[PDB]
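Comments concern the structure below.
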Amino acid sequence: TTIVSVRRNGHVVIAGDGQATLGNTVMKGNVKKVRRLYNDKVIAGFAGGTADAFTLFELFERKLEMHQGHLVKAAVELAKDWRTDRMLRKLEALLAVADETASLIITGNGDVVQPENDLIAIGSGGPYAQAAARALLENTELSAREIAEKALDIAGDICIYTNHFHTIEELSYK
Amino acid sequence: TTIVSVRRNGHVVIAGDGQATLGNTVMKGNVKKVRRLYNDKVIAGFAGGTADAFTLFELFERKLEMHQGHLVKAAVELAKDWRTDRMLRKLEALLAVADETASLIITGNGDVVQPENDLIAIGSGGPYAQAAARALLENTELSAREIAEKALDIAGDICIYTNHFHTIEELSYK
Amino acid sequence: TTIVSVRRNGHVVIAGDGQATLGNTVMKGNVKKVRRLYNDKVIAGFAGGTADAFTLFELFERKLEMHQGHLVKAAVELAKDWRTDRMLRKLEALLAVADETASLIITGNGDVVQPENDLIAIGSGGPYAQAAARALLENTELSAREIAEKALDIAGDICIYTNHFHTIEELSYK
Amino acid sequence: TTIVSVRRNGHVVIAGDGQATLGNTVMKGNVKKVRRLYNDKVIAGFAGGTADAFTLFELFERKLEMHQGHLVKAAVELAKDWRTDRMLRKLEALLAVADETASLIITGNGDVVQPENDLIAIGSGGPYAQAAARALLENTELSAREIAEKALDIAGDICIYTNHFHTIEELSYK
Amino acid sequence: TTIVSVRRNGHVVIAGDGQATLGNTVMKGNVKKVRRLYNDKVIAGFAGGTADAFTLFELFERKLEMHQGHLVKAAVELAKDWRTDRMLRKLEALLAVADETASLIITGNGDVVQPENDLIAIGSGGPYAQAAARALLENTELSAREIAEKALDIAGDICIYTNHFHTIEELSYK
Amino acid sequence: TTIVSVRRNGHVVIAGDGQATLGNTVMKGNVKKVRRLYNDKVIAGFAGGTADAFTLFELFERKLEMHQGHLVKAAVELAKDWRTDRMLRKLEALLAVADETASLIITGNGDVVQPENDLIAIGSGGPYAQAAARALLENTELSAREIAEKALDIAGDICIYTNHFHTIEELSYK
Amino acid sequence: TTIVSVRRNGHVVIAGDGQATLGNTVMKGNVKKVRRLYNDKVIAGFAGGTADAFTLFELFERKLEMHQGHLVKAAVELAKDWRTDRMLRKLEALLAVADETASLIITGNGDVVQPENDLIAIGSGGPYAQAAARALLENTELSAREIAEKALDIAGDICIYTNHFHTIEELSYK
Amino acid sequence: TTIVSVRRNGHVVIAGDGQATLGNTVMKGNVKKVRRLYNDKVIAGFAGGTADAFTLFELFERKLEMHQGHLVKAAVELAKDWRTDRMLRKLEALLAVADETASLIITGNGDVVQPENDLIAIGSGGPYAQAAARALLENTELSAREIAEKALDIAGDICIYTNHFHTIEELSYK
Amino acid sequence: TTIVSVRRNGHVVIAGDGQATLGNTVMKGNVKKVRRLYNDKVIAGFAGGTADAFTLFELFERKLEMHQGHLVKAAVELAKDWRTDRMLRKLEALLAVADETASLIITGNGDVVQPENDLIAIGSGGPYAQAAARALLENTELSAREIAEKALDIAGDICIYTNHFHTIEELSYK
Amino acid sequence: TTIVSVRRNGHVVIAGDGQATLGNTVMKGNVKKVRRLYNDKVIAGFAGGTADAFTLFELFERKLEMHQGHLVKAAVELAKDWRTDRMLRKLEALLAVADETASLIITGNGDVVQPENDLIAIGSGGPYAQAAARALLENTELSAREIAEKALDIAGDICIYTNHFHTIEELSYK
Amino acid sequence: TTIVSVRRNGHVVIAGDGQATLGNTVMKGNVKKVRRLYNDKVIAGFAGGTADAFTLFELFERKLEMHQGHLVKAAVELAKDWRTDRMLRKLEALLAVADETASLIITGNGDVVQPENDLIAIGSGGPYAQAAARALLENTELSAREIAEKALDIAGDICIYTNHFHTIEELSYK
């Protein structure tokens with residue numbers, strides 16, 4: 001699995017592969033690891049079980065309602081309940097979410113992280129995508145969609161757990 | 001890795017993928033796992049280190065010279081020296097070879113095997129290819145090349161260690 | 001265990017083996033892993049404990065009555081209660097169900113999935129059946145019953161946990 | 001794998017299945033686990049790698065030549081060299097051999113064993129065959145071939161690593 | 001441990017050994033692994049801790065009272081509570097039970113199973129008894145008590161964890 | 001396996017069981033673990049592979065020839081070559097031997113041991129036999145044969161790897 | 001550790017970091033993982049113990065002398081001896097080497113590999129460098145030295161086992 | 001991660017690195033592991049999840065308000081609730097805090113500790129920083145800011161989990 | 001164990017602790033881990049078995065004789081024979097040696113290393129000593145003897161395997 | 001860690017070291033592992049986490065209040081709750097406590113133990129202190145304080161996890 | 001096992017227990033772990049297999065002959081061959097030896113050690129004996145025989161693997 005997020009020129013995107021591996025075999029190649037949330041004001045992705053993310057994303061929208069859509073404060077309340085609750089602690093996934101404000105990662109250890117330049121790359125292929133996206137972001141004028149697309153394809157050629165099926169959700173705020 | 005061999009209507013083929021995995025990373029995608037031997041009278045493939053096969057294939061040609069190209073007897077002398085020699089015992093690979101006579105597998109345990117109907121499928125994706133090749137060979141009139149081609153593509157979609165780069169060497173005897 | 005579902009030409013079927021393994025021994029070879037539900041409007045299968053499926057199937061009929069037989073919405077409510085309830089969370093099985101509308105998989109992680117082309121293949125032999133059913137569905141005009149039948153036989157030859165005892169429930173809607 | 005030996009009414013037989021398992025997959029179903037040795041005066045079988053047995057059986061014939069075909073003394077010299085030699089110690093297999101004199105087992109630990117009533121049952125399904133063969137030998141007048149045949153089929157129904165492909169080598173001495 | 005159940009000519013029996021092993025030593029040789037239940041209308045046996053079975057058997061009689069002695073439906077409610085309850089999930093045992101209606105196995109995974117011909121063989125020696133009982137049942141007219149007795153003695157000679165102390169509870173319904 | 005040696009009133013004996021275990025299965029119950037050596041002047045037993053002892057006992061007779069039947073000095077030369085030779089080092093067994101002079105144990109570590117009161121008890125059941133033989137030797141006037149017999153039967157009831165088949169070789173010197 | 005090789009516009013380079021980690025500690029930061037060979041006609045790098053590479057590189061020069069500097073044939077003879085010799089088999093390292101002809105990887109499994117486009121990236125940070133170098137090579141006109149330099153710095157920011165100390169050996173052939 | 005605190009000449013400081021590691025990769029290099037609390041009268045740092053510290057820090061300010069800013073008594077009440085609460089027990093972090101009164105460590109085991117000389121060094125690189133800060137504090141007149149600065153840089157050169165991004169909060173009381 | 005080497009102002013020193021640990025026990029506290037070599041022109045230390053170093057140091061003096069006292073070239077010939085010889089390969093130790101020319105480390109992997117600034121710190125406490133010696137060498141004018149002394153004492157307070165018994169051999173060249 | 005208790009001539013003492021080890025490093029050398037309880041009528045020590053003991057000691061004083069200071073009966077109620085409560089069961093420590101009545105040990109297994117002569121020695125170095133304290137107690141007239149002091153210093157020289165920092169609490173009752 | 005060596009007032013002794021444990025069982029209680037060597041000029045003991053020591057002690061006498069009885073130089077040549085030879089490397093034991101010159105330990109790692117004050121204590125009970133012998137040697141005028149005797153008895157009371165059977169070899173030189 002690989003998921004990438006890039007932010008440039010008033011645009012931010014999240015892209016991810018569709019591969020679902022079981023042991024050494026491919027279970028499903030068209031998985032939708034990216035979706036929109038909170039009245040399509042937020043984009044998010046996940047690396048892990050599909051139901052585990054749908055549970056976390058739904059609660060994340062409830063934390064946004066309590067905090068009026070504030071991304072960072074809702075992300076900490078989600079990470080707080082995630083490590084806390086005995087039921088949520090069992091969940092195993094790597095969340096990625098972003099809005100016009102900023103991009104950040106969420107984890108089951110309770111750690112909330114905003115990468116340098118708001119460049120997120122997670123999953124088994126994440127480090128590979130981060131090395132490609134860091135190269136284009138500094139040496140090209142390409143739009144964030146073009147970077148996340150080409151970076152994800154490079155990670156699929158490298159990572160055996162990632163494929164070239166793609167799903168993207170751009171957000172323009174300019 | 002996946003390699004397939006099919007024999008039908010006076011034709012026999014060997015096909016294999018080009019993927020070379022290192023851990024969870026793709027090292028090389030265009031590997032040539034198939035080649036010809038003994039004045040292009042024999043086709044063969046291998047699953048494992050490239051050099052380990054080049055050593056075994058060279059000696060296999062010499063065993064053919066001593067036995068005047070007899071495939072079965074040369075394969076046993078290769079399997080005999082393979083398990084015996086302290087040098088060759090360190091080699092780890094799965095050989096596949098065929099001629100107009102018959103198809104058979106060779107292993108580092110010394111085991112020489114001719115599959116039912118001379119249908120070989122080896123590598124990490126081998127069982128997946130055997131399941132598809134078995135379905136077409138009984139339910140279709142397709143030529144051995146068409147079966148090995150479609151079977152290898154299905155194994156690449158399933159096996160994470162197999163890709164869709166292909167190399168084939170057909171042998172027509174009619 | 002292996003279970004297959006195919007949909008073609010107004011017909012959809014579910015087929016599964018009868019093998020029940022205990023460690024390295026065969027406990028029972030004639031297990032009925034397929035049955036009908038909801039006034040015989042729905043066919044379903046299961047890989048796992050017999051009682052765990054009978055509990056999930058009965059509740060699944062309940063969810064269908066609340067949703068007037070809607071397959072997708074009832075499957076979500078079942079996956080919702082499955083992950084949620086402390087009693088149901090202990091259950092371990094892989095459900096497969098289909099109607100004239102569509103085919104989909106249900107899991108104990110809460111994940112509801114509809115495969116490409118509505119081709120389901122689950123159990124320890126599932127990937128082997130998917131490889132064979134994928135080959136026939138694209139390369140032959142065979143009916144969905146003939147594909148699930150031949151595919152399950154190939155999976156039994158390959159998988160050691162699968163046998164050739166078969167149970168099928170076709171549904172014709174045309 | 002399962003192999004059985006029965007001796008009755010001047011007749012002795014060795015029967016074994018053809019299944020070759022790789023992990024949870026069936027690699028080959030028609031394996032010949034039984035053969036004849038020393039001018040067809042001796043029958044033998046093996047559970048393990050095919051070449052490991054071909055090496056041990058060849059040397060066993062040489063031990064018979066030095067001891068003029070004496071089964072027991074040659075079996076001890078084989079078991080002596082087997083545990084002794086650094087090359088032979090790496091071999092892993094379970095040998096079964098018999099002649100008109102007596103039946104006995106040979107192992108890689110150096111242990112030579114002649115079962116009660118000269119009833120051998122080895123392999124992963126061996127104990128299952130021994131329980132069936134013990135039942136018929138005491139409660140029926142069936143010939144040793146009929147017992148080994150029916151016993152091996154019962155072991156294939158129970159053991160997942162054993163199948164119903166059969167190979168037999170009877171020896172009549174009366 | 002070994003337990004056997006046979007059904008023939010209007011008779012059904014359950015037999016089991018008395019051996020209780022602790023590591024490599026025999027703790028007790030006269031254990032009663034068989035008993036009667038529900039007004040002596042039901043016979044049952046268990047492989048595992050003695051108290052774990054006495055707990056399961058008592059609840060099984062309560063499930064029979066709720067279901068008016070129906071064997072199958074009460075067995076599923078027992079298997080349902082067994083996997084469900086946090087206290088019952090800790091229990092580790094293999095139940096065997098039968099009445100004039102049918103014989104079936106119960107497990108801690110929630111799996112309810114009725115073997116072919118209602119022939120049950122469980123415990124460490126179970127597969128050995130199943131191979132002997134299958135031989136006599138097809139090749140002899142022996143009564144179910146005679147088969148379970150001789151089959152259990154064969155399993156005790158083979159299994160090191162089984163002994164020849166025996167306890168039986170026959171049920172005649174004709 | 002269990003082997004016992006007792007010396008009393010001018011008499012010394014060696015007794016051992018016949019059980020040969022393979023995993024959790026009984027391979028052979030009538031094994032002869034006791035025999036005579038050096039013109040019936042010496043009695044000996046072994047716990048381990050049959051052939052491994054026949055090799056060590058043969059060489060032990062040769063060490064007796066060089067030392068004119070001296071038990072202790074020949075036992076050290078055997079223990080010396082046992083740990084030294086690369087061939088003999090692979091042997092795994094526990095030897096027990098005695099004559100009119102004294103009783104002692106020999107091991108593959110090279111250790112030669114004479115127990116207190118020349119009471120030997122080896123094998124998986126050895127400690128159990130030593131506990132019973134120690135009780136009778138101090139609290140009864142029973143002859144060494146009666147002690148080794150009753151002690152070995154008690155070890156067979158306790159040890160699962162030991163059975164009640166017995167083989168004895170007494171030596172009277174008075 | 002990270003090492004990169006790039007070939008463009010008649011130029012080829014090999015670059016690597018200087019970090020040497022011991023557990024969670026940095027042992028040395030200025031390690032020279034790159035050097036020249038065969039009269040400065042060949043450049044090479046290594047990931048692993050420093051002396052393990054100095055031994056392999058010395059023998060690699062000798063293989064070049066026997067083959068008159070042929071890179072591919074000498075690399076196979078090195079990989080052949082590497083897996084073969086009992087002394088060389090103990091060595092653990094990942095070699096990278098290139099000349100004006102082509103670039104290729106060598107491994108202790110005997111596997112010789114030439115990556116797509118002759119782009120090598122090995123070490124714990126190798127996949128990260130490959131994702132960055134793949135991005136620049138397709139989207140920029142930068143020289144091979146500029147790509148390997150920027151790619152190695154990105155891998156040092158990501159990999160914890162890689163640092164920004166650099167050593168490079170360019171080869172111009174035009 | 002590494003965090004250091006030094007107190008000298010009426011001044012006390014807390015310094016920490018910005019590295020955030022995920023497995024063997026760097027997630028974020030500019031993490032702010034140091035901040036001020038209680039109307040900027042208190043400085044504190046944390047090693048662990050960002051949100052877990054923000055929760056503990058907020059509660060720590062609460063305990064300070066109940067105890068009128070007393071550092072020691074508030075730290076005990078925080079350590080008391082930390083071990084006690086089922087929610088807070090799940091939190092995993094290492095807190096460091098100091099004021100003009102004294103410096104002390106807090107842990108999830110409930111242990112409150114004041115180091116010798118009020119020298120705190122925590123995180124994976126903590127012992128390395130303590131070794132360097134101990135050397136300068138005794139052998140130099142450097143101010144506490146200069147010691148924590150140079151000590152944290154040395155820990156980043158050694159620890160692979162620590163980097164040279166720095167955040168400091170000095171407190172002057174004189 | 002800890003050993004330190006420092007070079008300053010025409011002076012170079014080697015210091016090491018005397019602790020010898022066996023498991024969790026102190027075997028000897030006054031071990032001399034430092035000594036002089038080659039007519040007192042060279043100082044050296046070792047971390048490991050006492051005899052293993054005495055063998056390597058003796059041969060190192062012979063390599064100096066062949067190379068006329070050249071430190072670097074003799075160290076490579078020692079590292080060459082160390083990994084090569086089957087006898088020397090079994091030795092396990094970490095050597096440290098220095099003369100007026102330069103300081104360097106030698107290892108059993110064959111790796112010869114000269115640290116930055118010729119600062120050596122090895123043993124279980126080596127990294128702790130390097131952290132303290134690095135702090136004083138840059139922030140103080142202290143002589144190399146004073147640095148190695150204070151650094152080794154700090155490593156003994158931290159490392160549990162290091163104590164405060166000291167042995168030093170200075171070399172003045174100015 | 002090491003803790004010692006000695007009782008002589010109307011005096012009883014408890015002494016313990018200050019070392020706190022983390023892996024192979026010393027975390028803190030001045031730990032106070034000894035303290036007084038119940039109006040300074042009781043002395044106690046602990047080996048383990050500091051907070052775990054402060055929890056157990058506080059509850060132990062409450063058990064003394066319910067039992068009017070009776071040492072033994074309060075120790076059993078503490079050991080009873082310790083094994084019982086799900087929260088206290090997680091605690092890991094070795095308690096030592098004494099009064100004018102008697103000395104005894106308490107454990108997390110629920111075991112209450114009073115050593116011979118009321119001589120307690122616990123911790124990783126406990127057995128070493130017990131061997132020294134047993135020597136002086138029988139062969140010298142030294143007071144209990146002198147024995148616990150010299151015994152603890154001997155354990156610190158031997159145990160690597162124990163140091164020479166000491167804390168003592170004597171109780172005189174005469 | 002426990003072995004002690006003490007040197008005082010022109011006398012030196014070596015004492016050891018007779019216990020030989022197999023798992024949780026006592027194999028032999030009267031083992032002689034102490035003996036004399038080199039014309040009764042040297043005393044020695046061993047912890048480990050009896051024959052492993054007899055081989056090492058024999059070669060140790062040969063090293064003494066080559067070095068004219070020099071204890072230290074012969075001990076290094078023994079430790080050199082011990083780690084070196086492929087045969088001797090397999091031996092596992094802890095040697096203790098002393099003469100009028102000095103006492104020292106020898107190990108299979110090649111480490112030669114002379115304890116402080118020439119006080120050796122090895123075996124599983126060694127540290128317990130060292131703590132008792134250290135107490136008496138400083139606080140009493142007792143002779144070395146009295147110290148080793150009382151120290152070994154205390155170690156047998158503490159260590160479960162040590163008993164009170166004793167063997168001593170004193171050497172007087174005055």
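Identifiers in this document derive from the order of the structure tokens: chains are assigned A, B, ..., residues are numbered from 1 separately in each chain, and ligands are numbered from 1 in order of occurrence.
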Nearby residues (only C-alpha atoms) at most 9 Å from residue K:143, same-chain spacing under 2 positions excluded, as an MDAnalysis selection string
chainID K and resid 6:9 11 137 140:141 145:148
Write down, as a PDB file with C-alpha atoms, in the first residue's frame, each residue of chain G that has any atom within 8 Å of an atom of chain H, counting only C-alpha atoms.
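After the write, result_7.pdb holds the following:
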```pdb
ATOM      1  CA  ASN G  24      20.982   2.189  17.442  1.00  0.00           C
ATOM      2  CA  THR G  25      24.372   3.974  17.515  1.00  0.00           C
ATOM      3  CA  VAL G  26      26.432   5.636  14.786  1.00  0.00           C
ATOM      4  CA  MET G  27      29.862   3.998  14.707  1.00  0.00           C
ATOM      5  CA  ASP G 157      16.878  12.566   5.179  1.00  0.00           C
ATOM      6  CA  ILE G 158      14.520   9.567   5.130  1.00  0.00           C
ATOM      7  CA  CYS G 159      16.638   6.568   6.079  1.00  0.00           C
ATOM      8  CA  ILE G 160      17.913   6.678   9.652  1.00  0.00           C
ATOM      9  CA  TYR G 161      20.836   4.420   8.691  1.00  0.00           C
TER      10      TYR G 161
END
```
note - atom CA of residue C:119 and atom CA of residue C:68 are separated by 24.8 Å
Selection near stretch 38-43 of chain E, 6 Å with only C-alpha atoms, sequence-local residues under 2 positions removed, as a ChimeraX atom specification:
/E:36,61,97-99
Near stretch 120-122 of chain I, counting only C-alpha atoms, which residues have an atom at most 10 Å away, once you skip same-chain residues fewer than 2 positions from it, shown as a VMD selection string? (chain G and resid 27) or (chain I and resid 1 to 7 14 to 16 45 to 47 94 to 98 103 to 105 113 to 118 124 to 131 133 148 151 to 152)
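Atom pair atom CA of residue J:172 / atom CA of residue J:149: separated by 16.5 Å.
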If you run DSSP on this backbone, which residues of chain K come out as strand (DSSP E or B), and could you give them as a ChimeraX atom specification? /K:3-8,11-17,20-22,25-28,34-37,42-48,93-98,103-106,112-113,120-122,166-172
DSSP says helix (DSSP H, G or I) for which residues of chain C? Put them as a ChimeraX atom specification? /C:50-66,71-84,86-89,116-118,126-139,144-158
Using only C-alpha atoms, which protein or nucleic acid residues come within 7 Å of residue G:165? Drop anything in the same chain fewer than 3 positions from it, and give the result as a PDB file with N, CA, C and O atoms, in the first residue's frame.
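Result file follows (out_33.pdb):
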```pdb
ATOM      1  N   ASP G  17      26.731   6.754   0.926  1.00  0.00           N
ATOM      2  CA  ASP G  17      26.864   7.466   2.186  1.00  0.00           C
ATOM      3  C   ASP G  17      28.014   6.890   3.010  1.00  0.00           C
ATOM      4  O   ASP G  17      28.580   5.842   2.696  1.00  0.00           O
ATOM      5  N   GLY G  18      28.375   7.608   4.068  1.00  0.00           N
ATOM      6  CA  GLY G  18      29.428   7.192   4.970  1.00  0.00           C
ATOM      7  C   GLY G  18      28.986   6.638   6.309  1.00  0.00           C
ATOM      8  O   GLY G  18      29.847   6.355   7.150  1.00  0.00           O
ATOM      9  N   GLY G  29      30.898   8.013  10.610  1.00  0.00           N
ATOM     10  CA  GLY G  29      30.130   8.768   9.637  1.00  0.00           C
ATOM     11  C   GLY G  29      30.812   9.068   8.315  1.00  0.00           C
ATOM     12  O   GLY G  29      30.159   9.537   7.379  1.00  0.00           O
ATOM     13  N   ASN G  30      32.115   8.805   8.213  1.00  0.00           N
ATOM     14  CA  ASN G  30      32.893   9.171   7.033  1.00  0.00           C
ATOM     15  C   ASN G  30      33.341   7.956   6.231  1.00  0.00           C
ATOM     16  O   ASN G  30      34.337   8.030   5.506  1.00  0.00           O
TER      17      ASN G  30
END
```
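Put simply, atom CA of residue C:139 is 27.6 Å away from atom CA of residue B:32.
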Min atom-atom distance to residue F:33 from the set F:78, F:135, F:53, F:154, counting only C-alpha atoms, belongs to F:53
